[PDB]
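Below is final_23.pdb, holding PDB, C-alpha atoms and all ligand atoms.
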```pdb
ATOM      1  CA  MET G   1     267.126 295.353  77.488
ATOM      2  CA  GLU G   2     267.269 291.736  78.878
ATOM      3  CA  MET G   3     267.988 289.839  75.579
ATOM      4  CA  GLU G   4     265.548 286.986  76.606
ATOM      5  CA  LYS G   5     262.720 289.595  76.204
ATOM      6  CA  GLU G   6     264.314 291.138  73.072
ATOM      7  CA  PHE G   7     264.289 287.468  71.843
ATOM      8  CA  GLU G   8     260.533 286.796  72.407
ATOM      9  CA  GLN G   9     259.727 290.302  70.915
ATOM     10  CA  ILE G  10     261.656 289.487  67.626
ATOM     11  CA  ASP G  11     260.169 285.898  67.493
ATOM     12  CA  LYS G  12     256.536 287.029  68.055
ATOM     13  CA  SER G  13     257.059 289.837  65.443
ATOM     14  CA  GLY G  14     258.989 287.439  63.080
ATOM     15  CA  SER G  15     261.599 290.189  62.386
ATOM     16  CA  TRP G  16     264.851 288.049  62.376
ATOM     17  CA  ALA G  17     265.496 288.888  58.670
ATOM     18  CA  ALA G  18     265.074 292.633  59.478
ATOM     19  CA  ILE G  19     267.499 292.689  62.529
ATOM     20  CA  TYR G  20     270.068 290.658  60.440
ATOM     21  CA  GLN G  21     269.963 293.091  57.472
ATOM     22  CA  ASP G  22     270.452 296.063  59.953
ATOM     23  CA  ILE G  23     273.708 294.358  61.159
ATOM     24  CA  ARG G  24     274.809 293.766  57.521
ATOM     25  CA  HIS G  25     274.223 297.513  56.768
ATOM     26  CA  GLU G  26     276.158 298.868  59.847
ATOM     27  CA  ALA G  27     279.126 296.365  59.582
ATOM     28  CA  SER G  28     282.687 297.713  59.017
ATOM     29  CA  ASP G  29     284.274 297.812  55.533
ATOM     30  CA  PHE G  30     288.112 297.772  55.554
ATOM     31  CA  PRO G  31     290.522 296.999  52.672
ATOM     32  CA  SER G  32     291.582 293.368  51.823
ATOM     33  CA  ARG G  33     294.224 294.245  49.155
ATOM     34  CA  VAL G  34     296.718 291.399  50.001
ATOM     35  CA  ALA G  35     293.903 288.715  49.706
ATOM     36  CA  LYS G  36     293.085 289.963  46.147
ATOM     37  CA  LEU G  37     296.688 289.861  44.700
ATOM     38  CA  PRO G  38     296.824 287.450  41.707
ATOM     39  CA  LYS G  39     299.639 285.395  43.435
ATOM     40  CA  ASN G  40     297.037 284.479  46.211
ATOM     41  CA  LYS G  41     294.116 283.247  44.083
ATOM     42  CA  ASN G  42     294.699 279.527  44.938
ATOM     43  CA  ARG G  43     295.008 280.431  48.725
ATOM     44  CA  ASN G  44     291.306 281.548  48.917
ATOM     45  CA  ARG G  45     288.404 279.083  49.055
ATOM     46  CA  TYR G  46     285.710 281.748  48.317
ATOM     47  CA  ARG G  47     286.130 284.902  46.164
ATOM     48  CA  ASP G  48     283.749 286.905  48.478
ATOM     49  CA  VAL G  49     285.422 285.934  51.885
ATOM     50  CA  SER G  50     288.772 287.678  52.593
ATOM     51  CA  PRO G  51     290.659 288.799  55.688
ATOM     52  CA  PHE G  52     291.063 292.593  56.222
ATOM     53  CA  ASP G  53     294.641 293.809  55.779
ATOM     54  CA  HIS G  54     294.757 295.393  59.297
ATOM     55  CA  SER G  55     293.876 292.117  61.186
ATOM     56  CA  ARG G  56     295.234 289.345  58.827
ATOM     57  CA  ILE G  57     297.607 286.679  60.241
ATOM     58  CA  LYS G  58     301.052 286.893  58.585
ATOM     59  CA  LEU G  59     303.121 283.716  57.971
ATOM     60  CA  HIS G  60     306.826 284.136  59.085
ATOM     61  CA  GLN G  61     308.332 283.685  55.580
ATOM     62  CA  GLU G  62     309.795 286.195  53.064
ATOM     63  CA  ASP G  63     308.418 284.338  49.940
ATOM     64  CA  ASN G  64     304.648 284.888  50.533
ATOM     65  CA  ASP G  65     303.242 285.684  54.027
ATOM     66  CA  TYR G  66     299.549 285.287  53.038
ATOM     67  CA  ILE G  67     296.878 282.992  54.622
ATOM     68  CA  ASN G  68     293.093 283.472  54.731
ATOM     69  CA  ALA G  69     292.949 284.005  58.545
ATOM     70  CA  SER G  70     292.078 286.937  60.892
ATOM     71  CA  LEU G  71     292.935 287.843  64.543
ATOM     72  CA  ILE G  72     289.736 288.740  66.505
ATOM     73  CA  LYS G  73     290.982 290.634  69.669
ATOM     74  CA  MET G  74     288.167 291.186  72.275
ATOM     75  CA  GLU G  75     289.603 293.894  74.604
ATOM     76  CA  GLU G  76     286.966 293.940  77.423
ATOM     77  CA  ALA G  77     286.455 290.103  77.469
ATOM     78  CA  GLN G  78     290.299 289.567  77.376
ATOM     79  CA  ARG G  79     289.915 286.786  74.709
ATOM     80  CA  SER G  80     291.601 286.429  71.265
ATOM     81  CA  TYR G  81     290.586 284.027  68.439
ATOM     82  CA  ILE G  82     292.045 283.275  64.993
ATOM     83  CA  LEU G  83     289.195 282.615  62.508
ATOM     84  CA  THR G  84     290.262 280.912  59.245
ATOM     85  CA  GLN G  85     288.765 279.052  56.237
ATOM     86  CA  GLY G  86     288.908 275.240  56.001
ATOM     87  CA  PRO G  87     292.382 274.429  54.610
ATOM     88  CA  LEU G  88     292.782 273.805  50.814
ATOM     89  CA  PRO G  89     295.014 271.131  49.242
ATOM     90  CA  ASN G  90     297.724 273.753  48.645
ATOM     91  CA  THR G  91     297.367 275.519  52.111
ATOM     92  CA  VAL G  92     297.523 272.559  54.582
ATOM     93  CA  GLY G  93     301.268 273.296  55.196
ATOM     94  CA  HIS G  94     300.502 277.064  55.702
ATOM     95  CA  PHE G  95     297.711 276.134  58.188
ATOM     96  CA  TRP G  96     300.097 274.121  60.466
ATOM     97  CA  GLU G  97     302.859 276.813  60.053
ATOM     98  CA  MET G  98     300.302 279.349  61.475
ATOM     99  CA  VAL G  99     299.378 277.065  64.434
ATOM    100  CA  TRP G 100     303.160 276.658  65.187
ATOM    101  CA  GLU G 101     304.069 280.379  64.778
ATOM    102  CA  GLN G 102     301.062 281.736  66.785
ATOM    103  CA  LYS G 103     301.664 279.208  69.710
ATOM    104  CA  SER G 104     298.085 277.917  69.594
ATOM    105  CA  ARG G 105     297.132 274.993  71.915
ATOM    106  CA  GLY G 106     293.758 274.165  70.257
ATOM    107  CA  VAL G 107     292.123 273.852  66.790
ATOM    108  CA  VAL G 108     288.260 274.016  66.730
ATOM    109  CA  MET G 109     286.647 272.427  63.591
ATOM    110  CA  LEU G 110     282.839 272.976  63.133
ATOM    111  CA  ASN G 111     282.337 271.190  59.737
ATOM    112  CA  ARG G 112     282.685 267.691  58.190
ATOM    113  CA  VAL G 113     285.277 267.163  55.388
ATOM    114  CA  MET G 114     282.319 266.266  53.078
ATOM    115  CA  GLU G 115     278.860 267.961  53.419
ATOM    116  CA  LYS G 116     275.987 268.100  50.837
ATOM    117  CA  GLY G 117     278.066 265.736  48.596
ATOM    118  CA  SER G 118     281.004 268.244  48.140
ATOM    119  CA  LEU G 119     284.425 268.719  49.785
ATOM    120  CA  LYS G 120     284.261 271.549  52.428
ATOM    121  CA  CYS G 121     287.975 271.225  53.491
ATOM    122  CA  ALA G 122     291.114 269.082  52.946
ATOM    123  CA  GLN G 123     291.809 265.963  55.113
ATOM    124  CA  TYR G 124     294.494 268.019  56.980
ATOM    125  CA  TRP G 125     295.208 265.706  60.006
ATOM    126  CA  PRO G 126     296.248 261.971  60.181
ATOM    127  CA  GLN G 127     293.540 259.313  60.711
ATOM    128  CA  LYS G 128     295.875 256.520  61.987
ATOM    129  CA  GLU G 129     298.638 256.610  64.615
ATOM    130  CA  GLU G 130     301.143 254.727  62.409
ATOM    131  CA  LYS G 131     300.624 256.965  59.298
ATOM    132  CA  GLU G 132     301.971 260.446  60.194
ATOM    133  CA  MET G 133     301.857 263.470  57.770
ATOM    134  CA  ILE G 134     304.897 265.480  56.630
ATOM    135  CA  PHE G 135     304.393 269.011  55.108
ATOM    136  CA  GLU G 136     307.593 269.463  53.006
ATOM    137  CA  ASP G 137     306.799 273.122  52.003
ATOM    138  CA  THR G 138     306.795 274.269  55.770
ATOM    139  CA  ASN G 139     309.090 271.533  57.325
ATOM    140  CA  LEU G 140     306.490 270.182  59.859
ATOM    141  CA  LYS G 141     305.485 266.642  60.986
ATOM    142  CA  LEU G 142     302.030 265.866  62.450
ATOM    143  CA  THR G 143     301.214 262.560  64.293
ATOM    144  CA  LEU G 144     297.863 261.315  65.677
ATOM    145  CA  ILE G 145     298.473 260.458  69.433
ATOM    146  CA  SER G 146     294.918 259.503  70.563
ATOM    147  CA  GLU G 147     291.248 259.967  69.558
ATOM    148  CA  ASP G 148     288.086 260.114  71.791
ATOM    149  CA  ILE G 149     284.855 259.721  69.691
ATOM    150  CA  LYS G 150     281.606 260.928  71.391
ATOM    151  CA  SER G 151     278.023 261.254  70.085
ATOM    152  CA  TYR G 152     278.216 264.992  69.145
ATOM    153  CA  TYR G 153     282.035 265.712  68.983
ATOM    154  CA  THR G 154     285.483 263.993  68.722
ATOM    155  CA  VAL G 155     288.629 265.174  70.624
ATOM    156  CA  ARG G 156     292.082 264.277  69.201
ATOM    157  CA  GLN G 157     295.578 264.611  70.707
ATOM    158  CA  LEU G 158     298.110 265.566  67.933
ATOM    159  CA  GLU G 159     301.924 266.003  68.065
ATOM    160  CA  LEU G 160     303.324 268.834  65.888
ATOM    161  CA  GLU G 161     307.104 268.744  65.300
ATOM    162  CA  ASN G 162     309.123 271.621  63.838
ATOM    163  CA  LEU G 163     311.571 269.461  61.744
ATOM    164  CA  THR G 164     313.988 272.468  61.601
ATOM    165  CA  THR G 165     314.576 272.577  65.457
ATOM    166  CA  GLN G 166     313.170 269.133  66.546
ATOM    167  CA  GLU G 167     310.901 270.963  69.071
ATOM    168  CA  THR G 168     307.453 269.258  69.591
ATOM    169  CA  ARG G 169     304.095 270.507  71.008
ATOM    170  CA  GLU G 170     300.815 268.836  71.902
ATOM    171  CA  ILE G 171     297.849 270.341  69.891
ATOM    172  CA  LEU G 172     294.233 269.450  70.852
ATOM    173  CA  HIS G 173     291.733 269.054  67.929
ATOM    174  CA  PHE G 174     288.067 269.709  68.991
ATOM    175  CA  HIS G 175     285.786 268.455  66.133
ATOM    176  CA  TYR G 176     282.052 269.258  66.354
ATOM    177  CA  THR G 177     280.669 266.545  63.980
ATOM    178  CA  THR G 178     276.820 266.954  64.157
ATOM    179  CA  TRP G 179     276.022 270.462  62.785
ATOM    180  CA  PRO G 180     273.201 269.545  60.303
ATOM    181  CA  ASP G 181     273.720 269.829  56.477
ATOM    182  CA  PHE G 182     270.683 272.262  56.396
ATOM    183  CA  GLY G 183     269.866 275.080  58.887
ATOM    184  CA  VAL G 184     271.031 275.248  62.563
ATOM    185  CA  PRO G 185     270.666 272.755  65.474
ATOM    186  CA  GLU G 186     267.136 272.639  67.023
ATOM    187  CA  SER G 187     268.605 272.898  70.602
ATOM    188  CA  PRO G 188     271.929 274.593  71.572
ATOM    189  CA  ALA G 189     272.596 272.038  74.370
ATOM    190  CA  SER G 190     275.220 269.979  72.457
ATOM    191  CA  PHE G 191     276.963 273.147  71.021
ATOM    192  CA  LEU G 192     277.229 274.649  74.604
ATOM    193  CA  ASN G 193     278.622 271.378  76.074
ATOM    194  CA  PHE G 194     281.196 271.400  73.225
ATOM    195  CA  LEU G 195     282.230 275.027  74.089
ATOM    196  CA  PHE G 196     282.510 274.039  77.812
ATOM    197  CA  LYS G 197     284.924 271.176  76.870
ATOM    198  CA  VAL G 198     287.113 273.504  74.687
ATOM    199  CA  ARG G 199     287.236 275.948  77.684
ATOM    200  CA  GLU G 200     288.047 273.076  80.150
ATOM    201  CA  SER G 201     291.085 272.086  77.975
ATOM    202  CA  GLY G 202     292.979 275.404  78.477
ATOM    203  CA  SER G 203     292.818 276.080  74.685
ATOM    204  CA  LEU G 204     291.074 279.526  75.190
ATOM    205  CA  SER G 205     293.265 280.666  78.089
ATOM    206  CA  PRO G 206     295.809 283.537  78.044
ATOM    207  CA  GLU G 207     298.827 281.309  78.794
ATOM    208  CA  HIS G 208     298.587 279.996  75.135
ATOM    209  CA  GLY G 209     298.421 281.647  71.693
ATOM    210  CA  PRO G 210     294.886 282.243  70.309
ATOM    211  CA  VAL G 211     292.661 279.205  69.510
ATOM    212  CA  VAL G 212     292.342 278.524  65.720
ATOM    213  CA  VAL G 213     288.635 278.226  64.743
ATOM    214  CA  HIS G 214     287.339 277.132  61.285
ATOM    215  CA  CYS G 215     284.354 275.872  59.298
ATOM    216  CA  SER G 216     284.289 275.978  55.459
ATOM    217  CA  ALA G 217     284.495 279.815  54.960
ATOM    218  CA  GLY G 218     285.447 280.625  58.590
ATOM    219  CA  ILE G 219     282.621 283.191  59.167
ATOM    220  CA  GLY G 220     279.285 281.409  59.839
ATOM    221  CA  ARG G 221     279.504 278.507  62.374
ATOM    222  CA  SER G 222     282.942 279.967  63.355
ATOM    223  CA  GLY G 223     281.235 283.349  64.073
ATOM    224  CA  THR G 224     278.611 281.632  66.266
ATOM    225  CA  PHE G 225     281.294 279.879  68.397
ATOM    226  CA  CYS G 226     283.329 283.091  69.225
ATOM    227  CA  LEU G 227     280.182 285.297  69.659
ATOM    228  CA  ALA G 228     278.630 282.852  72.187
ATOM    229  CA  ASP G 229     281.935 282.423  74.145
ATOM    230  CA  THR G 230     282.621 286.237  74.377
ATOM    231  CA  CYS G 231     278.969 287.127  75.368
ATOM    232  CA  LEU G 232     278.907 284.509  78.223
ATOM    233  CA  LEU G 233     282.394 285.685  79.463
ATOM    234  CA  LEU G 234     281.146 289.350  79.562
ATOM    235  CA  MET G 235     278.006 288.272  81.580
ATOM    236  CA  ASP G 236     280.429 286.694  84.165
ATOM    237  CA  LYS G 237     282.668 289.796  84.364
ATOM    238  CA  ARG G 238     280.213 292.780  84.456
ATOM    239  CA  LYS G 239     278.154 294.083  87.462
ATOM    240  CA  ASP G 240     274.957 294.197  85.274
ATOM    241  CA  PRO G 241     274.854 291.115  82.961
ATOM    242  CA  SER G 242     271.596 292.488  81.394
ATOM    243  CA  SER G 243     273.898 295.166  79.829
ATOM    244  CA  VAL G 244     275.463 292.576  77.406
ATOM    245  CA  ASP G 245     274.207 293.515  73.901
ATOM    246  CA  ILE G 246     274.805 290.589  71.480
ATOM    247  CA  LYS G 247     274.255 292.811  68.365
ATOM    248  CA  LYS G 248     276.912 295.282  69.636
ATOM    249  CA  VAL G 249     279.382 292.433  70.426
ATOM    250  CA  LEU G 250     278.850 291.035  66.853
ATOM    251  CA  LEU G 251     279.540 294.465  65.250
ATOM    252  CA  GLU G 252     282.744 294.784  67.370
ATOM    253  CA  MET G 253     283.859 291.300  66.096
ATOM    254  CA  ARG G 254     283.005 292.352  62.456
ATOM    255  CA  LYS G 255     285.672 295.091  62.757
ATOM    256  CA  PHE G 256     288.235 292.182  62.564
ATOM    257  CA  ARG G 257     286.687 289.737  59.976
ATOM    258  CA  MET G 258     283.881 290.327  57.418
ATOM    259  CA  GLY G 259     280.564 288.433  57.339
ATOM    260  CA  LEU G 260     280.546 286.762  60.823
ATOM    261  CA  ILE G 261     277.073 285.093  61.189
ATOM    262  CA  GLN G 262     275.932 284.265  57.592
ATOM    263  CA  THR G 263     272.082 283.940  58.030
ATOM    264  CA  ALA G 264     269.145 285.225  60.184
ATOM    265  CA  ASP G 265     268.837 281.593  61.502
ATOM    266  CA  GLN G 266     272.531 281.635  62.731
ATOM    267  CA  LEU G 267     271.759 285.023  64.481
ATOM    268  CA  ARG G 268     268.662 283.466  66.244
ATOM    269  CA  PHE G 269     270.689 280.324  67.227
ATOM    270  CA  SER G 270     273.461 282.619  68.741
ATOM    271  CA  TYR G 271     270.795 284.362  70.940
ATOM    272  CA  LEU G 272     269.372 280.922  72.003
ATOM    273  CA  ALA G 273     272.871 279.598  72.911
ATOM    274  CA  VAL G 274     273.789 282.685  75.031
ATOM    275  CA  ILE G 275     270.270 282.699  76.649
ATOM    276  CA  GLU G 276     270.045 278.884  77.206
ATOM    277  CA  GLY G 277     273.696 279.253  78.401
ATOM    278  CA  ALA G 278     272.764 282.125  80.793
ATOM    279  CA  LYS G 279     269.892 279.868  82.082
ATOM    280  CA  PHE G 280     272.281 277.030  83.196
ATOM    281  CA  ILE G 281     274.777 279.476  84.884
ATOM    282  CA  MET G 282     272.106 281.032  87.253
TER
HETATM  283  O1  LIG G 301     275.988 273.511  78.190
HETATM  284  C1  LIG G 301     276.521 273.905  79.249
HETATM  285  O2  LIG G 301     276.087 275.103  79.864
HETATM  286  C2  LIG G 301     276.026 276.379  79.080
HETATM  287  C3  LIG G 301     277.418 277.088  78.907
HETATM  288  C4  LIG G 301     278.534 276.450  78.274
HETATM  289  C5  LIG G 301     279.770 277.082  78.120
HETATM  290  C6  LIG G 301     279.975 278.396  78.621
HETATM  291  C7  LIG G 301     278.892 279.050  79.259
HETATM  292  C8  LIG G 301     277.633 278.404  79.401
HETATM  293  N1  LIG G 301     277.593 273.152  79.928
HETATM  294  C9  LIG G 301     277.658 271.648  79.770
HETATM  295  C10 LIG G 301     277.496 270.829  81.083
HETATM  296  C11 LIG G 301     278.649 271.110  82.024
HETATM  297  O3  LIG G 301     278.247 270.627  83.323
HETATM  298  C12 LIG G 301     278.922 272.621  82.168
HETATM  299  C13 LIG G 301     277.923 273.520  81.367
END
```

I need this file expressed as structure tokens, please.
Amino acid sequence: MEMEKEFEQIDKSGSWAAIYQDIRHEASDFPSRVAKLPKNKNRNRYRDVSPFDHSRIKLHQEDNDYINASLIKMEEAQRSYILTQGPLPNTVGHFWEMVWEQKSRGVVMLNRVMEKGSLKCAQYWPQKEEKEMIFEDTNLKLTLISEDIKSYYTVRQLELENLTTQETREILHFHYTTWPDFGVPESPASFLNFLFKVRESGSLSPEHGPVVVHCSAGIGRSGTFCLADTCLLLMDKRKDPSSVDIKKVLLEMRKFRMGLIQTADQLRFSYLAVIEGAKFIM
């Protein structure tokens, strides 16, 4: 069923809350036993948001391999994403270790460091060229190379150095800075442009490791970004684009991380983005 019509049918009937609860009821439940070990309590931002054991990213260290991060592998779309929480004061070194070890080119940040008067994630990248950051626990150095500030997003060029081998890599930081404190954006135009610019960078392409995507918990805004990208890629690839079922794509993605799309309003915004995105493509 053409989703644009499914959209108007749900809106006229005001059933967004009902569709959303149906997804919550049918979603996968897999064990998260490593996330709940007492040694990992200060590595989790939220007690109710954990990576499944089968899809968790493992750090390459014998001490403690745990980070709150999941690999979302989309087989038909041929895209992979790592979805993770906003880094904590004691996990900023783990975060950059993961980027290094997974060979990522891009980090996508969908939150501000402070929102609604509270800290939503650590200040985990340098703000000035001449004041670099050293992570002694993981033996990494991170330098700000350049910054491009636009009305709806900022793009930064970072240099990550493995101090053990003296190898360096260029990481691109894509920071969406205008998601409102309350609700979802009124139009998806600025969110779609932002996705286009991440795609244009190479960060989502198969010659690199998976993109790292985060917000505060790594399930809500983060869910919206990967769901929109995968649905638009499938519309490009298939003979019948009408066949793309956003609810079925979301349940596939929920096999790899719990809770993706946190509200009925985020579900409606994801439909609008794919639809308004489908409009521009034709
Ligand atoms: O918002 C856009 O279109 C919708 C869309 C974005 C990303 C992936 C699929 C569809 N952009 C910004 C403007 C640029 O010219 C190119 C398109």

Do a neighbour search on residue 254 in chain G at 10 Å with all atoms listed in the file, toss out local chain neighbours closer than 4 positions, and write the hits as a PDB file with C-alpha atoms, in the coordinates of the input.
```
ATOM      1  CA  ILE G  23     273.708 294.358  61.159  1.00  0.00           C
ATOM      2  CA  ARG G  24     274.809 293.766  57.521  1.00  0.00           C
ATOM      3  CA  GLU G  26     276.158 298.868  59.847  1.00  0.00           C
ATOM      4  CA  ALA G  27     279.126 296.365  59.582  1.00  0.00           C
ATOM      5  CA  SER G  28     282.687 297.713  59.017  1.00  0.00           C
ATOM      6  CA  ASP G  29     284.274 297.812  55.533  1.00  0.00           C
ATOM      7  CA  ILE G  72     289.736 288.740  66.505  1.00  0.00           C
ATOM      8  CA  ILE G 219     282.621 283.191  59.167  1.00  0.00           C
ATOM      9  CA  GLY G 223     281.235 283.349  64.073  1.00  0.00           C
ATOM     10  CA  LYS G 248     276.912 295.282  69.636  1.00  0.00           C
ATOM     11  CA  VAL G 249     279.382 292.433  70.426  1.00  0.00           C
ATOM     12  CA  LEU G 250     278.850 291.035  66.853  1.00  0.00           C
ATOM     13  CA  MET G 258     283.881 290.327  57.418  1.00  0.00           C
ATOM     14  CA  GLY G 259     280.564 288.433  57.339  1.00  0.00           C
ATOM     15  CA  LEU G 260     280.546 286.762  60.823  1.00  0.00           C
ATOM     16  CA  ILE G 261     277.073 285.093  61.189  1.00  0.00           C
TER      17      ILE G 261
END
```

Please give the centre and size of the box around ligand LIG 301 (chain G) (axis-aligned, containing every atom listed in the file, 3 Å added per side), with values in Å to one decimal and written as JSON.
```
{"center_x": 278.0, "center_y": 274.8, "center_z": 80.7, "size_x": 10.0, "size_y": 14.4, "size_z": 11.2}
```

Discussion item. Excluding residue 17 in chain G and its own-chain neighbours fewer than 3 positions away, which residues fall within 7 Å of it when counting only C-alpha atoms? Please give them as JSON, numbers by chain.
Written reply: {"G": [20, 21, 264]}

Residues within 10 Å of range 36-42 of chain G, all atoms listed in the file, excluding chain neighbours under 4 positions, as an mmCIF file with C-alpha atoms, in the coordinates of the input:
```cif
data_model
loop_
_atom_site.group_PDB
_atom_site.id
_atom_site.type_symbol
_atom_site.label_atom_id
_atom_site.label_comp_id
_atom_site.auth_asym_id
_atom_site.auth_seq_id
_atom_site.Cartn_x
_atom_site.Cartn_y
_atom_site.Cartn_z
ATOM 1 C CA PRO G 31 290.522 296.999 52.672
ATOM 2 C CA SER G 32 291.582 293.368 51.823
ATOM 3 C CA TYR G 46 285.710 281.748 48.317
ATOM 4 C CA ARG G 47 286.130 284.902 46.164
ATOM 5 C CA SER G 50 288.772 287.678 52.593
ATOM 6 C CA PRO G 51 290.659 288.799 55.688
ATOM 7 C CA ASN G 64 304.648 284.888 50.533
ATOM 8 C CA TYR G 66 299.549 285.287 53.038
ATOM 9 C CA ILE G 67 296.878 282.992 54.622
ATOM 10 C CA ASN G 68 293.093 283.472 54.731
ATOM 11 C CA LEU G 88 292.782 273.805 50.814
ATOM 12 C CA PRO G 89 295.014 271.131 49.242
ATOM 13 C CA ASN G 90 297.724 273.753 48.645
ATOM 14 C CA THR G 91 297.367 275.519 52.111
#
```

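Across the structure, CA of residue 106 in chain G and CA of residue 188 in chain G are spaced 21.9 Å apart.
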
Once N, CA, C and O atoms are restored for range 14-29 of chain G, what would the output be as a compact mmCIF listing (two decimals), keeping the file's coordinate frame?
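Contents of the output file result-v1.txt:
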```txt
# COMPACT_ATOMS: atom_id res chain seq x y z
N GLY G 14 258.33 288.08 64.23
CA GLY G 14 258.99 287.44 63.08
C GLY G 14 259.88 288.41 62.33
O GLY G 14 259.76 288.49 61.09
N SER G 15 260.76 289.14 63.02
CA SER G 15 261.60 290.19 62.39
C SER G 15 263.08 289.78 62.28
O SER G 15 263.91 290.70 62.06
N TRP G 16 263.43 288.49 62.34
CA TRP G 16 264.85 288.05 62.38
C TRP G 16 265.56 288.57 61.12
O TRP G 16 266.66 289.17 61.25
N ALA G 17 264.92 288.46 59.96
CA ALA G 17 265.50 288.89 58.67
C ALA G 17 265.78 290.39 58.70
O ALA G 17 266.81 290.84 58.15
N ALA G 18 264.94 291.17 59.39
CA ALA G 18 265.07 292.63 59.48
C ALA G 18 266.24 293.03 60.41
O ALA G 18 267.01 293.91 59.98
N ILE G 19 266.34 292.47 61.62
CA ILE G 19 267.50 292.69 62.53
C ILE G 19 268.80 292.36 61.77
O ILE G 19 269.77 293.18 61.83
N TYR G 20 268.83 291.20 61.07
CA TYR G 20 270.07 290.66 60.44
C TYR G 20 270.53 291.64 59.36
O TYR G 20 271.73 292.05 59.32
N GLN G 21 269.60 292.12 58.53
CA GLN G 21 269.96 293.09 57.47
C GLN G 21 270.48 294.40 58.09
O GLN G 21 271.42 294.95 57.49
N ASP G 22 269.93 294.87 59.22
CA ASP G 22 270.45 296.06 59.95
C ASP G 22 271.94 295.86 60.33
O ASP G 22 272.81 296.77 60.11
N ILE G 23 272.28 294.69 60.87
CA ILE G 23 273.71 294.36 61.16
C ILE G 23 274.52 294.42 59.87
O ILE G 23 275.60 295.04 59.85
N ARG G 24 274.04 293.80 58.79
CA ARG G 24 274.81 293.77 57.52
C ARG G 24 275.09 295.21 57.07
O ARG G 24 276.21 295.51 56.60
N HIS G 25 274.13 296.11 57.25
CA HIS G 25 274.22 297.51 56.77
C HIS G 25 275.23 298.32 57.61
O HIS G 25 275.99 299.11 57.04
N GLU G 26 275.28 298.10 58.91
CA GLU G 26 276.16 298.87 59.85
C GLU G 26 277.57 298.27 59.97
O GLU G 26 278.47 298.96 60.48
N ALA G 27 277.83 297.08 59.41
CA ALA G 27 279.13 296.36 59.58
C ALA G 27 280.25 297.17 58.94
O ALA G 27 280.05 297.82 57.90
N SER G 28 281.45 297.08 59.51
CA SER G 28 282.69 297.71 59.02
C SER G 28 283.04 297.25 57.60
O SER G 28 282.85 296.06 57.27
N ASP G 29 283.65 298.14 56.83
CA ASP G 29 284.27 297.81 55.53
C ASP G 29 285.70 298.34 55.55
O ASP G 29 285.90 299.55 55.70
```
